Amino acid sequence: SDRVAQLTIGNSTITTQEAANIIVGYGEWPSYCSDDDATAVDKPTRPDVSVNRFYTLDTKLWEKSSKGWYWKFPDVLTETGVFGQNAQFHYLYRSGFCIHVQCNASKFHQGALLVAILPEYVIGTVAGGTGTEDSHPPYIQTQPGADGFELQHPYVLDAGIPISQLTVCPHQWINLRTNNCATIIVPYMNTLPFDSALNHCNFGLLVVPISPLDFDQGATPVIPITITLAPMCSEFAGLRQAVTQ
Amino acid sequence: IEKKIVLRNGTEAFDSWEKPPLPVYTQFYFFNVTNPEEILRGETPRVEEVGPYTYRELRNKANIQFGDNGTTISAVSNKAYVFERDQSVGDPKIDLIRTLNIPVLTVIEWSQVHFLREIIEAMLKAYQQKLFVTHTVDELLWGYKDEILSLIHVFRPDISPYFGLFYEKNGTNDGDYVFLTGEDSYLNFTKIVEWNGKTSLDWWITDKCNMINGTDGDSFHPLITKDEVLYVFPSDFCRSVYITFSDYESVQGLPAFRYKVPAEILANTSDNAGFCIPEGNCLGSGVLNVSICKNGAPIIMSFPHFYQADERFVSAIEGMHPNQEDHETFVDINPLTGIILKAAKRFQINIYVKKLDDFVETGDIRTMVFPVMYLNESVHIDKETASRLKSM
Ligand SMILES: *[C@@H]1O[C@H](CO)[C@@H](O[C@@H]2O[C@H](CO)[C@@H](O[C@@H]3O[C@H](CO[C@H]4O[C@H](CO[C@H]5O[C@H](CO)[C@@H](O)[C@H](O)[C@@H]5O[C@H]5O[C@H](CO)[C@@H](O)[C@H](O)[C@@H]5O)[C@@H](O)[C@H](O[C@H]5O[C@H](CO)[C@@H](O)[C@H](O)[C@@H]5O[C@H]5O[C@H](CO)[C@@H](O)[C@H](O)[C@@H]5O)[C@@H]4O)[C@@H](O)[C@H](O[C@H]4O[C@H](CO)[C@@H](O)[C@H](O)[C@@H]4O[C@H]4O[C@H](CO)[C@@H](O)[C@H](O)[C@@H]4O[C@H]4O[C@H](CO)[C@@H](O)[C@H](O)[C@@H]4O)[C@@H]3O)[C@H](O)[C@H]2NC(C)=O)[C@H](O)[C@H]1NC(C)=O
Ligand SMILES: *[C@@H]1O[C@H](CO)[C@@H](O[C@@H]2O[C@H](CO)[C@@H](O[C@@H]3O[C@H](CO[C@H]4O[C@H](CO)[C@@H](O)[C@H](O)[C@@H]4O)[C@@H](O)[C@H](O[C@H]4O[C@H](CO)[C@@H](O)[C@H](O)[C@@H]4O)[C@@H]3O)[C@H](O)[C@H]2NC(C)=O)[C@H](O)[C@H]1NC(C)=O
Ligand SMILES: *[C@@H]1O[C@H](CO)[C@@H](O[C@@H]2O[C@H](CO)[C@@H](O[C@@H]3O[C@H](CO)[C@@H](O)[C@H](O[C@H]4O[C@H](CO)[C@@H](O)[C@H](O)[C@@H]4O)[C@@H]3O)[C@H](O)[C@H]2NC(C)=O)[C@H](O)[C@H]1NC(C)=O
Ligand SMILES: *[C@@H]1O[C@H](CO)[C@@H](O[C@@H]2O[C@H](CO)[C@@H](O[C@@H]3O[C@H](CO)[C@@H](O)[C@H](O)[C@@H]3O)[C@H](O)[C@H]2NC(C)=O)[C@H](O)[C@H]1NC(C)=O
Ligand SMILES: *[C@@H]1O[C@H](CO)[C@@H](O[C@@H]2O[C@H](CO)[C@@H](O)[C@H](O)[C@H]2NC(C)=O)[C@H](O)[C@H]1NC(C)=O
Ligand SMILES: *[C@@H]1O[C@H](CO)[C@@H](O[C@@H]2O[C@H](CO)[C@@H](O)[C@H](O)[C@H]2NC(C)=O)[C@H](O)[C@H]1NC(C)=O
Ligand SMILES: *[C@@H]1O[C@H](CO)[C@@H](O)[C@H](O)[C@H]1NC(C)=O
Ligand SMILES: *[C@@H]1O[C@H](CO)[C@@H](O)[C@H](O)[C@H]1NC(C)=O
């Protein structure tokens, strides 16, 4: 009654029969902006079906020597579907997300992942190596899009913060002896109630193998990791022509 | 006894070798791509030989140290280039040269050896680039800030974001050389014996292929015969070459044995089978993979215009017309004194291209060898100093 689930929203459902449990980030569901909070005076659009779908984005192969990946949300979906068309026309934006990452393996493979969220995941550099040149990260390390980006130094998460206490932020583990998926429901976290969808990326989805993959030779050596996400309770405002960046 | 030509502090042969008094003239020739999009569609390329770009060189020696009771000498050989304008067609800092983009073909190579694979494959995908770019002459040859190489520098701080064909070669050395002067024997005079502490090369297949022979090519040993074989190791070609006898020449008023770089340096022989890396599968005759000794750059060293090379590469590029007189490598040596009279070092820098489906900037390009640039480095002895050597 906990191992088996089904998440239907929009026209797309996903079934899982070896889940762990759904955690709701910071204990509350995504919701619409109340009139106590809103400052924009134009009526928002709320598509309510066409953008609240599980978008399956990409597939990272996980071998025995991987480091970890990250996806900046919502810039994984400003190139995809009716979410990517409404977020490019409209200046303002708010939504929550239901984030579901699948990674199946046999009952002989082993290894654990820490799929975790963290809001305002800013990216530092190696500062020129020795630490004296103020190098800023490029635009693709900042906002990789639906392609994702691989961590260089996952012990410090490319930001000088340790991964050992990433477990404070909303997370759950995918260890291949127990579960194969990890649902994380995230509300809209930001100070101001709407923001731009092209500039500001509210959070980043860190997916790091902490305990590495291991399997005896003869088993299937290709163990993919696919993340599917669904913008919940999304609404846009401030209509103008299409910007792409 | 001609012991007058030695490298002793107190001799006039050491004065010519420490400071070469005769200028060296190098003319940089380029290839301009006329149909760049049609190569991406898969058509036959059409180029244009563009020049001349006359540089006058500067030469000296630094860090000269002796040893083993005077017979072993070790110094560096700096080389600074100064452009000459009246002997060139136009101002190089305006002259736009359209060719391949060598840094974005370098970092595709790095993805093939899994050297920063997912970092570089994120660069060329989100930042769409051009296989064919157009920069000036001084940018393409003396450093220019690349887009993608400026992004690798913040991930890896060792990578220089400035690419150039001869980048950081103005006033810098090409190794810590050590030589063998003629205090013991006049057969081995200023011969390269070791390189940066290492005895010989280390990246070739066999230990016969690794052996560094001969000199750097500045001045040779005297008493040259017609039947002996001289060996030259330039630091650009990354092996030791030899030179064969050509004909009788006449430099001003002195004897000359014209020696030329033969076709059997880069031919398809059983000796040159071991210079194709890794397993002897050669791209063709007359070409050489030198991608190891340029820090991973897909460069091919060959004669200009595929001279003494395969014909199926000549017919692949419209404009390749090699001949004997204009695109060879030769040297005029005084047979009595070993002073180089008139030389011309002509070598072509090519960039290998092939259609790879994971990089959608290559279009539909054929697997071939593409012309980029070549240069005639010429040295010449004038009228007054020729008459100084007519006495001896
Ligand atoms: C001129 O000259 C120049 C110079 O030389 C040149 O260059 C060149 O090039 C070429 C071409 O490209 C090259 O080759 C290549 O290479 C490559 C690479 O390799 C490298 O790398 C690797 C990687 O690794 C990774 O992974 C692993 C697993 O796999 C792991 O373990 C590790 O750790 C790593 O990881 C990393 O990374 C990743 C990525 O992804 C990430 O993710 C992570 O994170 C991390 O970081 C490596 O490994 C290698 O290594 C090597 O070496 C060493 C030394 O030190 C050793 O120790 C080792 O062991 C190794 O060795 C081995 O291996 C190799 C392979 O690899 C071999 O070869 C050898 O022999 C031995 O055995 C390196 O470093 C590669 O890949 C390739 O290979 C391929 O190909 C071939 C032919 O071609 C074949 O034979 C093979 O087999 C392969 O195939 C494969 O692959 C493909 C693609 O990918 C596919 O498609 C197919 O299908 C296949 O697959 C299959 O099979 C397999 C088996 O193998 C299996 O598994 C699967 O499943 C399937 O079934 C090639 O080889 C080279 O390299 C270069 N060079 C150099 C020096 O390098 C040029 O070219 C010239 N030019 C002209 C014109 O020619
Ligand atoms: C460094 O190396 C470069 C080349 O790598 C040398 O530059 C070449 O020098 C030669 C000789 O000075 C030049 O050749 C000359 O070209 C003239 C024009 O040629 C064009 O037109 C003819 C038709 O007339 C075409 O067939 C040809 O393809 C060219 O498009 C010729 O008129 C000259 O002919 C003279 O010599 C021949 C030799 O047989 C005689 O028969 C003639 O009667 C006449 O006297 C001559 O062939 C060549 O153009 C130069 N190339 C470039 C790109 O400049 C450098 O000289 C060399 N050294 C230095 C210091 O840089
Ligand atoms: C190698 O080949 C390439 C293309 O095959 C060639 O590049 C082109 O050269 C032309 C001529 O220099 C460039 O055209 C110029 O562009 C500037 C910038 O806008 C214009 O201001 C220029 O206008 C002048 O045009 C006349 C002179 O040509 C004058 O009468 C007029 O009043 C203007 O002053 C001119 O159009 C062109 O931009 C490049 N193209 C690219 C993509 O770089 C290159 O020149 C060739 N190199 C050599 C050495 O031959
Ligand atoms: C550097 O110089 C050395 C010595 O001068 C070269 O080694 C020699 O290379 C020649 C190549 O012609 C070898 O000759 C061969 O002889 C056999 C018969 O023995 C003949 O059948 C072959 O056709 C070939 O001519 C010679 O054996 C070899 N000697 C040694 C000790 O290796 C070397 O090749 C030069 N390397 C470079 C990069 O210049
Ligand atoms: C390479 O460096 C040399 C050494 O400075 C440069 O040559 C001098 O440049 C100065 C700059 O004003 C000028 O006085 C002359 O052009 C040169 N002087 C002498 C005495 O040679 C040269 O410009 C540099 N070349 C490149 C391509 O970088
Ligand atoms: C360079 O020489 C080698 C050695 O003969 C050639 O390799 C042979 O090529 C023929 C075809 O011409 C094949 O039938 C043989 O089986 C090959 N033998 C070996 C041992 O590889 C090579 O093809 C020549 N290069 C070129 C471009 O023709
Ligand atoms: C050459 O000249 C004299 C000879 O003793 C010496 O003082 C000088 O230092 C020598 N130069 C070098 C570079 O060794
Ligand atoms: C050079 O001089 C003679 C002639 O070959 C020889 O005895 C000597 O060992 C040679 N030295 C080197 C380093 O080649």
# chains A, B, ... in the order shown; residues from 1 in each chain; ligands from 1
$ residues_near_ligand --ligand "ligand 8" --cutoff "12 Å" --atoms "only C-alpha atoms and all ligand atoms" --output "PyMOL selection string"
chain B and resi 71-73+178-194+199+211-215+221+231
$ write_last_selection --atoms "N, CA, C and O atoms" --output "short mmCIF file (atom, residue, chain, number, x, y, z; two decimals), in the first residue's frame"
data_model
loop_
_atom_site.label_atom_id
_atom_site.label_comp_id
_atom_site.auth_asym_id
_atom_site.auth_seq_id
_atom_site.Cartn_x
_atom_site.Cartn_y
_atom_site.Cartn_z
N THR B 71 83.21 19.37 -24.80
CA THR B 71 82.65 18.71 -25.98
C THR B 71 81.13 18.67 -26.00
O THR B 71 80.55 18.41 -27.06
N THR B 72 80.46 18.93 -24.88
CA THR B 72 79.00 18.91 -24.81
C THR B 72 78.49 20.30 -24.46
O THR B 72 78.91 20.90 -23.47
N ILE B 73 77.55 20.79 -25.27
CA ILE B 73 77.03 22.14 -25.14
C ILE B 73 75.50 22.07 -25.19
O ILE B 73 74.93 21.26 -25.93
N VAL B 178 70.38 20.32 -26.39
CA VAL B 178 71.76 19.99 -26.06
C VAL B 178 72.42 19.46 -27.33
O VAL B 178 71.79 18.75 -28.12
N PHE B 179 73.67 19.85 -27.56
CA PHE B 179 74.34 19.56 -28.82
C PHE B 179 75.67 18.87 -28.56
O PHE B 179 76.07 18.62 -27.42
N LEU B 180 76.36 18.54 -29.66
CA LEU B 180 77.69 17.94 -29.62
C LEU B 180 78.59 18.72 -30.57
O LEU B 180 78.46 18.58 -31.79
N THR B 181 79.50 19.52 -30.02
CA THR B 181 80.40 20.31 -30.85
C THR B 181 81.51 19.44 -31.43
O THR B 181 81.66 18.26 -31.10
N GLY B 182 82.32 20.05 -32.29
CA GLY B 182 83.35 19.34 -33.02
C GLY B 182 84.71 19.41 -32.36
O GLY B 182 85.73 19.58 -33.04
N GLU B 183 84.74 19.29 -31.03
CA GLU B 183 86.02 19.18 -30.33
C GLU B 183 86.52 17.74 -30.32
O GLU B 183 87.72 17.50 -30.20
N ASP B 184 85.60 16.78 -30.43
CA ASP B 184 86.00 15.38 -30.48
C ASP B 184 86.09 14.87 -31.92
O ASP B 184 87.05 14.17 -32.26
N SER B 185 85.13 15.21 -32.76
CA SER B 185 85.12 14.77 -34.15
C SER B 185 84.28 15.73 -34.97
O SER B 185 83.30 16.30 -34.48
N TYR B 186 84.67 15.91 -36.23
CA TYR B 186 83.96 16.80 -37.14
C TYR B 186 82.86 16.10 -37.92
O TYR B 186 82.22 16.74 -38.77
N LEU B 187 82.61 14.82 -37.67
CA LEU B 187 81.44 14.17 -38.24
C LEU B 187 80.17 14.55 -37.49
O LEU B 187 79.15 14.87 -38.10
N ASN B 188 80.22 14.52 -36.16
CA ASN B 188 79.10 14.95 -35.33
C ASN B 188 79.38 16.34 -34.77
O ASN B 188 80.00 16.53 -33.72
N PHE B 189 78.93 17.34 -35.52
CA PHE B 189 79.02 18.74 -35.13
C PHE B 189 77.61 19.29 -34.93
O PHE B 189 76.74 19.09 -35.79
N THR B 190 77.41 19.99 -33.80
CA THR B 190 76.14 20.49 -33.24
C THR B 190 74.96 19.53 -33.41
O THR B 190 73.84 19.94 -33.72
N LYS B 191 75.21 18.25 -33.17
CA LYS B 191 74.22 17.20 -33.34
C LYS B 191 73.34 17.08 -32.10
O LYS B 191 73.84 17.10 -30.97
N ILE B 192 72.03 16.95 -32.31
CA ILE B 192 71.09 16.79 -31.21
C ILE B 192 71.27 15.41 -30.59
O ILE B 192 71.11 14.39 -31.27
N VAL B 193 71.59 15.38 -29.30
CA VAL B 193 71.78 14.12 -28.60
C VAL B 193 70.65 13.81 -27.61
O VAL B 193 70.28 12.63 -27.47
N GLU B 194 70.07 14.81 -26.95
CA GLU B 194 68.95 14.62 -26.04
C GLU B 194 68.00 15.80 -26.19
O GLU B 194 68.33 16.82 -26.80
N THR B 199 66.09 11.20 -23.88
CA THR B 199 67.05 10.81 -24.90
C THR B 199 66.47 10.94 -26.30
O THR B 199 67.06 11.58 -27.17
N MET B 211 63.93 7.29 -32.66
CA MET B 211 65.30 7.80 -32.60
C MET B 211 65.41 9.18 -33.25
O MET B 211 65.06 9.36 -34.42
N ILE B 212 65.91 10.14 -32.48
CA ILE B 212 66.17 11.49 -32.97
C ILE B 212 67.56 11.50 -33.59
O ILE B 212 68.54 11.13 -32.94
N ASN B 213 67.65 11.93 -34.84
CA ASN B 213 68.91 11.97 -35.56
C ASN B 213 69.28 13.40 -35.93
O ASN B 213 68.42 14.26 -36.15
N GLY B 214 70.59 13.64 -36.00
CA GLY B 214 71.09 14.82 -36.67
C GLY B 214 70.96 16.10 -35.85
O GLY B 214 70.99 16.09 -34.62
N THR B 215 70.81 17.21 -36.57
CA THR B 215 70.84 18.54 -36.00
C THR B 215 69.44 19.15 -36.03
O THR B 215 68.45 18.50 -36.41
N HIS B 221 77.87 20.11 -40.35
CA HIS B 221 79.28 19.82 -40.26
C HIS B 221 79.93 19.91 -41.64
O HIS B 221 79.31 19.56 -42.65
N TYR B 231 71.09 13.99 -41.80
CA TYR B 231 69.87 13.79 -41.03
C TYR B 231 69.49 15.09 -40.32
O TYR B 231 70.35 15.76 -39.74
#
$ residues_around --residues "stretch 137-147 of chain A" --least-positions-apart "2" --cutoff "7 Å" --atoms "only C-alpha atoms" --output "short mmCIF file (atom, residue, chain, number, x, y, z; two decimals) with C-alpha atoms, in the first residue's frame"
data_model
loop_
_atom_site.label_atom_id
_atom_site.label_comp_id
_atom_site.auth_asym_id
_atom_site.auth_seq_id
_atom_site.Cartn_x
_atom_site.Cartn_y
_atom_site.Cartn_z
CA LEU A 57 12.91 14.84 -20.54
CA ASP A 58 16.16 12.94 -20.89
CA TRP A 71 18.73 20.12 -13.79
CA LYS A 72 17.69 23.74 -13.21
CA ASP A 75 14.53 25.93 -17.49
CA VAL A 76 14.20 22.27 -18.37
CA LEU A 77 10.72 23.04 -19.71
CA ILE A 123 26.80 27.56 -9.26
CA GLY A 124 30.35 28.50 -8.41
CA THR A 125 33.50 27.72 -10.34
CA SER A 135 35.69 33.31 -12.95
CA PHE A 149 24.74 18.93 -16.72
CA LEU B 151 34.40 28.03 -21.62
CA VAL B 154 36.63 27.90 -16.30
#
$ residues_near_ligand --ligand "ligand 6" --cutoff "9 Å" --atoms "only C-alpha atoms and all ligand atoms" --output "VMD selection string"
chain B and resid 267 to 270 273 280 to 285 310
$ write_last_selection --atoms "N, CA, C and O atoms" --output "CSV table (one decimal), in the first residue's frame"
chain,number,residue,atom,x,y,z
B,267,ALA,N,56.8,8.1,-47.3
B,267,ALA,CA,56.2,7.2,-48.3
B,267,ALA,C,55.5,6.0,-47.7
B,267,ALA,O,55.4,5.9,-46.4
B,268,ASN,N,55.0,5.1,-48.5
B,268,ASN,CA,54.4,3.9,-48.0
B,268,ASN,C,55.4,2.7,-48.1
B,268,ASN,O,55.4,1.9,-49.0
B,269,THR,N,56.4,2.7,-47.1
B,269,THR,CA,57.4,1.7,-47.0
B,269,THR,C,57.2,0.8,-45.8
B,269,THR,O,56.3,1.1,-45.0
B,270,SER,N,58.0,-0.2,-45.7
B,270,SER,CA,57.9,-1.1,-44.5
B,270,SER,C,58.6,-0.4,-43.3
B,270,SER,O,58.3,-0.7,-42.2
B,273,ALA,N,55.8,2.2,-42.3
B,273,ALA,CA,54.6,1.6,-41.8
B,273,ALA,C,54.4,1.9,-40.3
B,273,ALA,O,53.3,2.0,-39.8
B,280,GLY,N,49.4,1.0,-37.8
B,280,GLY,CA,50.0,1.0,-39.2
B,280,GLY,C,49.0,1.3,-40.3
B,280,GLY,O,49.4,1.3,-41.4
B,281,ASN,N,47.7,1.5,-40.0
B,281,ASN,CA,46.7,1.9,-41.0
B,281,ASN,C,46.9,3.3,-41.4
B,281,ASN,O,46.5,4.2,-40.6
B,282,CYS,N,47.5,3.6,-42.5
B,282,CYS,CA,47.9,4.9,-43.0
B,282,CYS,C,46.7,5.6,-43.7
B,282,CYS,O,46.0,4.9,-44.5
B,283,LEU,N,46.6,6.9,-43.6
B,283,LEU,CA,45.6,7.6,-44.4
B,283,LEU,C,46.1,7.7,-45.8
B,283,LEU,O,45.2,7.8,-46.7
B,284,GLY,N,47.4,7.7,-46.1
B,284,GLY,CA,47.9,7.8,-47.4
B,284,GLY,C,49.4,8.0,-47.4
B,284,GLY,O,50.0,8.2,-46.3
B,285,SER,N,49.9,8.0,-48.6
B,285,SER,CA,51.4,8.3,-48.7
B,285,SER,C,51.6,9.8,-48.7
B,285,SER,O,50.8,10.6,-49.3
B,310,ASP,N,49.6,11.1,-52.5
B,310,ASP,CA,48.6,10.4,-53.2
B,310,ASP,C,47.7,11.3,-54.1
B,310,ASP,O,47.5,12.5,-53.8
$ residues_near_ligand --ligand "ligand 4" --cutoff "12 Å" --atoms "only C-alpha atoms and all ligand atoms" --output "ChimeraX atom specification"
/B:192-193,200-202,204-215,228-234,237-243,264-266,269-272,274-275
$ interface_residues --of "chain B" --to "chain A" --cutoff "9 Å" --atoms "only C-alpha atoms" --output "ChimeraX atom specification"
/B:118-119,122-123,126-127,151,153-158
$ write_last_selection --atoms "N, CA and C atoms" --output "short mmCIF file (atom, residue, chain, number, x, y, z; two decimals), in the first residue's frame"
data_model
loop_
_atom_site.label_atom_id
_atom_site.label_comp_id
_atom_site.auth_asym_id
_atom_site.auth_seq_id
_atom_site.Cartn_x
_atom_site.Cartn_y
_atom_site.Cartn_z
N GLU B 118 31.21 15.15 -21.82
CA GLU B 118 29.91 15.78 -21.62
C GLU B 118 30.01 17.28 -21.36
N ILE B 119 31.21 17.79 -21.07
CA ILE B 119 31.38 19.23 -20.96
C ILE B 119 31.41 19.87 -22.34
N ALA B 122 28.16 19.65 -24.40
CA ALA B 122 27.18 20.65 -24.01
C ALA B 122 27.52 22.02 -24.58
N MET B 123 28.79 22.27 -24.91
CA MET B 123 29.19 23.55 -25.48
C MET B 123 28.70 23.72 -26.90
N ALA B 126 24.43 23.78 -27.27
CA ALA B 126 23.68 24.96 -26.87
C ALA B 126 24.23 26.22 -27.51
N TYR B 127 25.55 26.36 -27.56
CA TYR B 127 26.20 27.37 -28.38
C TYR B 127 26.50 26.74 -29.73
N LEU B 151 35.34 28.65 -22.54
CA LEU B 151 34.40 28.03 -21.62
C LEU B 151 35.00 26.80 -20.98
N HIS B 153 38.08 26.80 -20.12
CA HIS B 153 39.06 27.37 -19.19
C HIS B 153 38.50 27.54 -17.79
N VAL B 154 37.19 27.76 -17.64
CA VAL B 154 36.63 27.90 -16.30
C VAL B 154 36.33 26.55 -15.67
N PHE B 155 36.23 25.48 -16.46
CA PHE B 155 36.13 24.14 -15.89
C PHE B 155 37.52 23.57 -15.60
N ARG B 156 38.42 23.71 -16.57
CA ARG B 156 39.80 23.25 -16.44
C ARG B 156 40.68 24.49 -16.56
N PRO B 157 41.38 24.85 -15.47
CA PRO B 157 42.17 26.09 -15.54
C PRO B 157 43.48 25.96 -16.30
N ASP B 158 43.87 24.76 -16.74
CA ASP B 158 45.13 24.63 -17.47
C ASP B 158 45.00 24.97 -18.94
#
$ residues_near_ligand --ligand "ligand 2" --cutoff "10 Å" --atoms "only C-alpha atoms and all ligand atoms" --output "number ranges by chain"
B: 24-30, 49-55, 87-88, 304-305, 321-323, 325-329, 342-347, 374-380
$ atom_distance --atom1 "atom CA of residue A:223" --atom2 "atom CA of residue A:164"
24.5 Å
$ residues_around --residues "residue B:364" --least-positions-apart "6" --cutoff "6 Å" --atoms "only C-alpha atoms" --output "list in words"
residues 40, 41 and 42 of chain B
$ closest_residue --among "B:107, B:314, B:339, B:39" --to "residue B:146" --atoms "only C-alpha atoms"
B:107
